[PDB]
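Q: Fold the following and give me the result.
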Amino acid sequence: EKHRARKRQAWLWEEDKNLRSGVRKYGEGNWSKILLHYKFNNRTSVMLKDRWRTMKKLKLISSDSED
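A: Numbering: from 1, shown residues only. There you are, the coordinates:
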């Protein structure tokens with residue numbers, strides 16, 4: 001709805017940070033906790049899961065290389 005146009009909009013800077021810090025602070029696979037701890041604009045456990053999975057797999061977070 002909050003776009004009133006085709007193609008889903010991307011995630012917000014603040015939300016990505018919230019999620020990143022959330023997973024780092026409380027671990028992965030606890031979207032409910034993350035969602036409650038950090039103040040997201042309009043997200044759900046499903047959107048958090050989607051975003052993180054897509055990010056770690058395709059938007060290669062990295063910063064954990066052996067060398």
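Q: give the contact list for residue 3.
A: Taking Cβ atoms under 8 Å, 6 or more residues apart in numbering as the criterion, residue 3 is in contact with residue 9. (Each C-beta comes from the backbone N, C-alpha and C, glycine too.)
Q: Using the three-state scheme, assign it.
A: Going by DSSP: H, G, I helix; E, B strand; the rest coil, the secondary structure assigned to residue 3 is coil.
Q: Over to it: give its phi and psi.
A: Main-chain dihedrals, residue 3, degrees, to the nearest 10: phi 170, psi -40.
Q: gap between it and residue 43?
A: 15 Å (Cβ to Cβ, to the nearest Å).
Q: Check residue 11 too.
A: 8 Å.
Q: One more: residue 53?
A: For residue 53, the distance to residue 43 equals 14 Å [Cβ to Cβ].
Q: Neighbour count: the two, which is higher?
A: Taking other Cβ atoms under 10 Å, residue 53 and residue 43 do not tie; residue 43 has more neighbours (19 against 11).
Q: ok, then the element right after the strand or helix carrying residue 16?
A: Using DSSP states H and E, residue 16 sits within helix 13-26. Counting by DSSP H and E, the element after helix 13-26 in chain order, helix or strand, is helix 31-37.
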